[PDB]
Amino acid sequence: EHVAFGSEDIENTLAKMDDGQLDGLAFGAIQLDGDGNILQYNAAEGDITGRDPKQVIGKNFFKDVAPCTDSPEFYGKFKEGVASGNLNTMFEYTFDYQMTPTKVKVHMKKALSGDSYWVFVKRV
Ligand SMILES: *C(=O)/C=C/c1ccc(O)cc1
């Protein structure tokens, strides 16, 4: 249905969704495996970043797609949460690789499905 950015049970709602449904979200949604490889990437995210969602699948988010996020402030928090098993964290960030510098709010949250982690993004 409608689901809001930052919802307490967002991972429950998104677990139920196909590509088209993920594409209809109000916010960018990326699913990563524990190594940061991109499993899913929705249309809303591509509208923020200019990436083609169909072609970033399989790439590594931190190494290749989003090098500006390779930092203790973003990637560091991702890996801490993958390790702890309790990934659920929110912060502001600026995305600026091969796009106009864009201020965003990011929410990372463990998925219900195996070896899966969400990165949610909205403009601020
Ligand atoms: C910094 O390099 C961020 C880049 C970026 C963030 C999010 C995406 O979906 C794509 C590229």
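For any residue, its number in the entry's author numbering is found by taking its place in the sequence shown, counting from 1, and adding 1. Heads up, the beta-carbon is just placed ideally off N, CA and C, and yes, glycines get one too.
- Taken from the Cβ of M100, at least one heavy atom of ligand 1 lies inside 8 Å.
- In the three-state reduction of the DSSP assignment, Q41 falls in the strand class.
- Here the C-alpha atom of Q22 lies approximately 31 Å from the C-alpha atom of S72.
- Bounds of any beta strand (DSSP E) do not take in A112, whose DSSP letter is neither H nor E.
- For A16, the CB contacts under 8 Å within the same chain, skipping 5 residues up- and downstream, are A112, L113, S114 in chain order.
- Taking C-beta separations shorter than 6 Å and ignoring five residues to either side along the sequence, the partners of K123 in its chain run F6, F28, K106, following chain order.
- Under DSSP, the beta-bridge partners assigned to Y118 are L33, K111.
- Nearest in C-alpha terms to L40, of all of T103, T14, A67, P54, is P54.
- Residues of the same chain with a CB within less than 6 Å of the CB of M91, apart from the 5 flanking positions on each side, are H108 in chain order.
- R52 has its CB nearer than 8 Å to a heavy atom of ligand 1.
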